[PDB]
Amino acid sequence: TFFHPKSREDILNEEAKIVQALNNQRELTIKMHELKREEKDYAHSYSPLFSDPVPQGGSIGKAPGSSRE
Amino acid sequence: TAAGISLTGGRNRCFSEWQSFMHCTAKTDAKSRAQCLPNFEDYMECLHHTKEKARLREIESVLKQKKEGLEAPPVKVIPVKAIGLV
């Protein structure tokens, strides 16, 4: 009469919920690992404003024809 | 930054192909980046004149191994005082 354990079904349900949270963490973990290895845009990784990688050099003796795309 | 500025404030000697190569690297991605290896060899070539020196080496080597005469409008060296004489 003094033994009041939880029901077997409740134990299984609770452990299944815990394992589901654990698998969610495993998936988020693998996800972040993949996303860190993907490559970012030039604006996000180098410069948001002035997002053109192409330089323009010096402007004193600007020679017609020096521009090359 | 001073990249691209010559000793006189213009564009340095090797600007044009550098700018072409940057046009590449802007248009392409990391997977596609190998796509303009050619622009980069052109840049390094302007910088260091290596294949040009090699080509001149083969030309000189074959020239000095020749006893037959050369019939082509030649190159003449003049003193600096003689610029415009005659």
# chains A, B, ... in the order shown; residues from 1 in each chain; ligands from 1
$ closest_atom_pairs --of "chain A" --to "chain B" --cutoff "10 Å" --atoms "only C-alpha atoms" --output "Markdown table"
| residue | atom | partner | partner_atom | distance |
| --- | --- | --- | --- | --- |
| A:38 | CA | B:30 | CA | 10.0 |
| A:39 | CA | B:30 | CA | 7.8 |
| A:40 | CA | B:29 | CA | 9.9 |
| A:41 | CA | B:29 | CA | 9.3 |
| A:42 | CA | B:26 | CA | 8.5 |
| A:51 | CA | B:26 | CA | 9.8 |
| A:52 | CA | B:26 | CA | 7.6 |
| A:53 | CA | B:26 | CA | 5.9 |
| A:54 | CA | B:22 | CA | 5.4 |
| A:55 | CA | B:19 | CA | 6.5 |
| A:56 | CA | B:4 | CA | 7.2 |
| A:57 | CA | B:4 | CA | 4.0 |
| A:58 | CA | B:10 | CA | 4.4 |
| A:59 | CA | B:10 | CA | 5.4 |
| A:60 | CA | B:10 | CA | 4.9 |
| A:61 | CA | B:10 | CA | 4.3 |
| A:62 | CA | B:10 | CA | 5.8 |
| A:63 | CA | B:10 | CA | 8.1 |
| A:65 | CA | B:16 | CA | 8.7 |
| A:66 | CA | B:16 | CA | 5.6 |
| A:67 | CA | B:16 | CA | 6.0 |
| A:68 | CA | B:16 | CA | 5.2 |
| A:69 | CA | B:20 | CA | 4.9 |
$ atom_distance --atom1 "atom CA of residue A:45" --atom2 "atom CA of residue B:40"
22.6 Å
$ select_by_dssp --residues "chain A" --states "alpha helix (DSSP H)" --output "NGL selection string"
:A and (8-36 or 42-45)
$ write_last_selection --atoms "N, CA, C and O atoms" --output "CSV table (one decimal), in the first residue's frame"
chain,number,residue,atom,x,y,z
A,8,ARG,N,4.3,3.0,-15.7
A,8,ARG,CA,5.3,2.7,-16.7
A,8,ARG,C,5.1,3.6,-17.9
A,8,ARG,O,6.1,4.1,-18.5
A,9,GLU,N,3.9,3.8,-18.4
A,9,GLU,CA,3.7,4.7,-19.5
A,9,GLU,C,4.2,6.1,-19.3
A,9,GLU,O,4.8,6.7,-20.2
A,10,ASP,N,4.0,6.6,-18.1
A,10,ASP,CA,4.5,8.0,-17.8
A,10,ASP,C,6.0,8.0,-17.8
A,10,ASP,O,6.6,9.0,-18.3
A,11,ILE,N,6.7,7.0,-17.3
A,11,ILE,CA,8.1,6.9,-17.4
A,11,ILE,C,8.6,6.9,-18.8
A,11,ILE,O,9.5,7.6,-19.2
A,12,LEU,N,8.0,6.1,-19.6
A,12,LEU,CA,8.4,6.0,-21.0
A,12,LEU,C,8.2,7.3,-21.7
A,12,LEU,O,9.1,7.8,-22.5
A,13,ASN,N,7.0,8.0,-21.5
A,13,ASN,CA,6.8,9.3,-22.1
A,13,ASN,C,7.8,10.3,-21.7
A,13,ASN,O,8.3,11.1,-22.5
A,14,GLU,N,8.1,10.3,-20.4
A,14,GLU,CA,9.0,11.4,-20.0
A,14,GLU,C,10.4,11.1,-20.5
A,14,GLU,O,11.1,12.1,-21.0
A,15,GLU,N,10.9,9.9,-20.5
A,15,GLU,CA,12.2,9.6,-21.1
A,15,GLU,C,12.2,9.9,-22.6
A,15,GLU,O,13.2,10.4,-23.2
A,16,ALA,N,11.1,9.6,-23.3
A,16,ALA,CA,11.1,9.9,-24.7
A,16,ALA,C,11.1,11.4,-25.0
A,16,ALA,O,11.8,11.9,-25.9
A,17,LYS,N,10.5,12.2,-24.1
A,17,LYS,CA,10.6,13.7,-24.3
A,17,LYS,C,12.0,14.1,-24.0
A,17,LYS,O,12.6,15.0,-24.8
A,18,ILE,N,12.7,13.6,-23.0
A,18,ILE,CA,14.1,14.0,-22.8
A,18,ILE,C,15.0,13.6,-24.0
A,18,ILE,O,15.8,14.4,-24.4
A,19,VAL,N,14.8,12.4,-24.5
A,19,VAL,CA,15.6,12.0,-25.7
A,19,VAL,C,15.3,12.9,-26.9
A,19,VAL,O,16.2,13.2,-27.7
A,20,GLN,N,14.0,13.3,-27.0
A,20,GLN,CA,13.7,14.2,-28.1
A,20,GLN,C,14.4,15.5,-28.0
A,20,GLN,O,15.0,16.1,-29.0
A,21,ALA,N,14.5,16.1,-26.8
A,21,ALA,CA,15.2,17.3,-26.6
A,21,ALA,C,16.7,17.1,-26.9
A,21,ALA,O,17.4,18.0,-27.5
A,22,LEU,N,17.2,15.9,-26.5
A,22,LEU,CA,18.6,15.6,-26.8
A,22,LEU,C,18.9,15.5,-28.3
A,22,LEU,O,19.9,16.0,-28.8
A,23,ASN,N,18.0,14.9,-29.0
A,23,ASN,CA,18.2,14.9,-30.5
A,23,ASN,C,18.0,16.2,-31.1
A,23,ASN,O,18.7,16.5,-32.1
A,24,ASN,N,17.1,17.1,-30.6
A,24,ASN,CA,17.1,18.4,-31.1
A,24,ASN,C,18.4,19.2,-30.9
A,24,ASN,O,18.8,19.9,-31.8
A,25,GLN,N,19.0,19.0,-29.7
A,25,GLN,CA,20.3,19.6,-29.5
A,25,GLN,C,21.4,19.0,-30.5
A,25,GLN,O,22.2,19.8,-31.0
A,26,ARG,N,21.3,17.7,-30.7
A,26,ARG,CA,22.3,17.1,-31.7
A,26,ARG,C,22.1,17.8,-33.0
A,26,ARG,O,23.1,18.1,-33.7
A,27,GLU,N,20.9,18.0,-33.5
A,27,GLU,CA,20.6,18.5,-34.8
A,27,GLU,C,21.0,20.0,-34.9
A,27,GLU,O,21.6,20.4,-35.8
A,28,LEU,N,20.7,20.8,-33.8
A,28,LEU,CA,21.1,22.2,-33.8
A,28,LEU,C,22.7,22.2,-33.8
A,28,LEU,O,23.3,23.1,-34.5
A,29,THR,N,23.3,21.3,-33.1
A,29,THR,CA,24.8,21.3,-33.0
A,29,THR,C,25.3,21.0,-34.4
A,29,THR,O,26.2,21.8,-34.9
A,30,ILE,N,24.9,20.0,-35.1
A,30,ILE,CA,25.4,19.7,-36.5
A,30,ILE,C,25.0,20.8,-37.4
A,30,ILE,O,25.8,21.2,-38.3
A,31,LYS,N,23.9,21.5,-37.2
A,31,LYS,CA,23.5,22.6,-38.1
A,31,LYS,C,24.5,23.7,-37.9
A,31,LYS,O,25.1,24.1,-38.9
A,32,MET,N,24.6,24.3,-36.7
A,32,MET,CA,25.6,25.3,-36.5
A,32,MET,C,27.0,25.0,-37.1
A,32,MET,O,27.7,25.8,-37.7
A,33,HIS,N,27.4,23.7,-36.9
A,33,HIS,CA,28.7,23.3,-37.5
A,33,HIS,C,28.7,23.5,-39.0
A,33,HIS,O,29.8,23.9,-39.6
A,34,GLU,N,27.6,23.1,-39.7
A,34,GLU,CA,27.6,23.3,-41.1
A,34,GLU,C,27.6,24.8,-41.5
A,34,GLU,O,28.3,25.2,-42.4
A,35,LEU,N,26.7,25.5,-40.8
A,35,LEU,CA,26.6,27.0,-41.2
A,35,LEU,C,27.8,27.7,-41.0
A,35,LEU,O,28.1,28.7,-41.7
A,36,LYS,N,28.6,27.4,-40.0
A,36,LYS,CA,29.9,28.1,-39.8
A,36,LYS,C,30.9,27.9,-40.9
A,36,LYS,O,31.7,28.7,-41.2
A,42,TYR,N,30.4,39.5,-49.2
A,42,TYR,CA,31.5,40.4,-49.0
A,42,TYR,C,31.0,41.5,-48.1
A,42,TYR,O,31.8,42.0,-47.2
A,43,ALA,N,29.8,42.0,-48.2
A,43,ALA,CA,29.3,43.0,-47.3
A,43,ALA,C,29.2,42.5,-45.9
A,43,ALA,O,29.6,43.2,-45.0
A,44,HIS,N,28.7,41.3,-45.7
A,44,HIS,CA,28.7,40.8,-44.3
A,44,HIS,C,30.0,40.4,-43.7
A,44,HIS,O,30.2,40.5,-42.5
A,45,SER,N,31.0,40.0,-44.6
A,45,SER,CA,32.3,39.5,-44.1
A,45,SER,C,33.3,40.6,-44.2
A,45,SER,O,34.3,40.5,-43.4
$ atom_distance --atom1 "atom CA of residue B:74" --atom2 "atom CA of residue B:52"
20.8 Å
